[PDB]
């Protein structure tokens, strides 16, 4: 599976899904768990690549403050340059599930 059960249940399309690995307060990207559902326009692609790293930092920052808790499932909605990102640990104590799509 390139997607995740949680990611397959998202509704908005197109979307970029990924399950990141949490080391301390650092989120690691794993391509084997990254996927695109639907399709982004040629214009959105480079744009999405620029906003992705910003969502990651936002999320790492939320794990430090506690807003995001590895032990408790709780979804958050983030924004950045016309894009939205839903992120949730699902209380996995090690993973952070995300979905990025146009607002």
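Residue numbers count along the first chain shown, from 1.
When the two stretches 89 to 97 and 21 to 29 are set side by side, the higher mean Cα temperature factor goes to 21 to 29.
For residue 41, the recorded CA temperature factor ranks within the highest third of the chain's modelled residues. Sorting the modelled residues of the chain by their CA temperature factor places residue 65 in the middle third. When the modelled residues of the chain are ordered by C-alpha B-factor, residue 59 sits in the lowest third. Looking at the C-alpha B-factors along this chain, the one for residue 103 belongs to the highest third. When the modelled residues of the chain are ordered by C-alpha B-factor, residue 5 sits in the lowest third.
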